[PDB]
Structures are given as C-alpha cells and as structure tokens.
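Next up: just one chain, as structure tokens, the form deposited in one PDB entry.
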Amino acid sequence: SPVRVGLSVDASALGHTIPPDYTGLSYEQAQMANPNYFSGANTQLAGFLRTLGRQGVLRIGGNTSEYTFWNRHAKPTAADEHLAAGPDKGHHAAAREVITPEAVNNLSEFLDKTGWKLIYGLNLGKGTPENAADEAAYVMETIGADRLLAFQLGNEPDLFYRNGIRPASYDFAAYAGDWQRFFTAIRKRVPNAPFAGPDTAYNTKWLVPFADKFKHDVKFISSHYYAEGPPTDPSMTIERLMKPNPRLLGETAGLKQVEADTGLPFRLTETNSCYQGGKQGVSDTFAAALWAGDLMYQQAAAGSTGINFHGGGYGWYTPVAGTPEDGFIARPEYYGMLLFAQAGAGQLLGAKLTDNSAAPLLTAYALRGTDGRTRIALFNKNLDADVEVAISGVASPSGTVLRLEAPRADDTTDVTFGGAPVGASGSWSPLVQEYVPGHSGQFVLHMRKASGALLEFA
C-alpha cells in the first residue's frame, strides 16, 4: 500500500552544476600529530576517500585546531604514532598536540594518493601569527598551490569564549584584528596563500561582516551546519533528522545573499547530524545515510560549492571509522555519500513531486550527468510510508536502480548500496541489477520506507 506520488523531470529547468570536488570530509587538526594517519602508507583510508570521489576536499581544522601547534623543530613522539583523534566533544580544552614536518610531508603523499584538495586550519585561537606563517609556508612548500585550496584562521571564532580561548567580550571587531594580523604575517612568508573563512555557522554578527570586510582576501566563505540545534532543543531523533530544517534553509539563503553581495562562493566545511561527535542511535545509523545524501543534494541545488562531513576516530557520526593499526570501515553515513559519488557530477534539473502530502519526506533530485545520462537520486526519508513514484519527463529505453537500504532506520550495520556493503579500503561495486519498469514514456519506481535510490537512464 505505497503512497502513489508523481515525479516530473524537466530538462529545461536548469539548476546548479555540481562541481567535481563537491564531496569532502572534515577532520580534527589534532589528527595531524600522527604522521601515519594522513599518509601515503594509509592505503585503506585513501581508498575510502577515492570511493567518495575522484575529486573532493579534505578539510583539517575543528576545535582541536586551537590546541594544535606546528613545530618545525619537532619529530613525532611514540604516543603520536598511535593517536586517533575523533571529533572534539566540546566538553573542555582538547590536549595540546604538535604537528611536525614529517606529518605535513606525509599529508602531501596522502593528497597525491587520493587526488583530493586540502583546506588546512591554522592556530589563531592560541598560536602566534609568526608560527602560523611558518606552518603555512611549510604546507605551501610541501603540498603546493594546486592541492592547497585554502588556509583557515581559526575554527568557529564566535565560540572561542565557550572554553576560554577568548574572553566573553570577543566579537567580530576583535576577531577581524586577529585575522588581519595573521593574514599579514602569513602573506609575508607565502605571498600566494589562499584563505577561506570564517569557518562557522552562518550568523549576522560574524559571517556577514567577515565577508564584507575580507572579500578581497579570501577565496570563498566557509560555513558550518549541524542538524541538531542548541542543547535546549528536544534531543535530536531520527524522526526529526528526516524532516526539513528551517534553520538550514535560512542560513543557506543567508550564504546566497553573501555571495550576491561579495562575489564569494560558499562551502560547508564542517557538517554532521549531531554535536559532540554525534548522538548514538541517531548519528551512527542508516538514517544518517539518508540525511547526509539528501543534504549533499539539497545544498548543491542551493548553489553550495561543496561539503565536508566531520568525522574521524570512531566518532558516532564519522563517515569512515578506524585506525591505521586496526583498519578502517565505512559507517552508515558513508553510504549516503557513496550514492552521491556514484551519481557523479552534472547539472541539476527540475524534479517536482506531486500527490506527495502523505509521503512528505521523500526528496528527489534529477541530474544531467557530465556523461550526458539522466540520473535521479531519491531519498524516501518517510519512516513509515513506502512510495510508488510515477516518473515523467525522461525519455530512455532503459533505467536501472541502485538501492540504498537497511532493514531498519536506526540500524548501525546491515547497510548496503546496490546490493553490496562497502568492503576494505573503500572497495565497492554493485551486486544487484534492477531495471525500473517503463511504459507510456514513464517509469514506475517502488521504494520502501526509509530507503534511497539512484536511477540511471540510458
């Protein structure tokens, strides 16, 4: 008894072109203490990234970027060789960590193995302008201008007061002074250094004035987004995660207005479902695959240049979990990102849903792929409604579907895409071929409650 909905694809209703480096991941700066983590020797993790995209961006930053210190004079410690730095849980100060030349050297080899570009945090919370200049210089020397997309000067400077990185009086004016002192010092060592900022969630007292003041000094605006609101909200649940987020829609409009005003594009450089490394039973579940995959397309359709899902260690929300010693595994959220990866880049098209008020959390995105083939990504985020989608507007002799599936929305395992789990080192290929029945120039796709689908048309 599915809800019977219509989907009308309009090849003339042109949306944004998804860039090839749209996908991405965010990690804590602290992880750079361990030269074995972002290393050319870390073939497993490099494989996971390549499966997410042949192009993409690795962002390193986070709350630990205020507690992490480049030391050109240092070599990794024995403890550094086993450090697994998951998402910062925001409870108190992170441990002090040291980044060495060796770790930067190894990060360059990791970027060469993955083909991803880098956003690299510098320590404006507690470090000096001169050490940021020295760190930037070594990153530029070692990673190179082609792979280095941007430096960032502080992570979430609007929240520095929370753990005493700044006094409660710290405001945009104080941060602009800091930012300019760091920018000037860095540009003396690295005249071509690229920047992004302010590396926080959209707001009127920080991000808007940042863009106005520093629009000639940055390449793009870096924003953050978590589906979970402030801690006074009802605890985020799977049910809530599947629903529209009016805060997201408003902040995205805010970023679009900044782009119109300043010319600066925006990237979502730290995102995930829930704070503090995630919420067990929400962030580490199949629902996070549906949420993440749908978010990637929602933001692409809104004109975002890309995304970076925060993670690392064994954090509840991490796309990829594990360590070089123990191995790495794809978590449920990774499968949402994998659906996006398999769809590929291209230009979004109009895709209007009708007769869908009883299945209101179904989303759909149509894409003219760079290879000329039409694809449709659907997320049936309705937890209790199966759907039957009558697809009009596509003329093709053959459509196939790859399904994003788990037996329950709160599953922490049992997730597959195209009838297969992801294996070691990001290995994935589809194992189930399913055609979508076509008649009268239309197709009909069934989707179970709490599932996703990627359709490809010949």
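Numbers for residues come from their place in the sequence shown, where the first is 1. The term rigid core refers to the most C-alpha atoms you can superpose between the two forms while keeping them within 1.5 Å.
Keep in mind that the form deposited in another entry is not shown, yet the notes after this line are about it.
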- request: Go through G327, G229, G350, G115 and flag the only one whose CA is off by 2 Å or more between this form and the one not shown, rigid core held fixed.
  value: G229
- prompt: By the 2 angstroms cut-off, has the C-alpha of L367 moved between this form and the one not shown once the rigid core is superposed?
  reply: no
task: Compare the position of the CA of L207 between this form and the one not shown after a rigid core fit and state whether the shift reaches 2 Å.
output: yes
message: How about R240 - superposed on the rigid core, does its CA move between this form and the one not shown by 2 Å or more?
response: no
task: Looking in the other entry, decide if the C-alpha atoms of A78 and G322 are closer or farther than in the form shown; they differ by 3 Å or more.
output: farther
query: Hey, the CA atoms of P101 and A78 end up closer or farther in the other entry than in the shown form, with the change being 3 Å or more?
result: closer
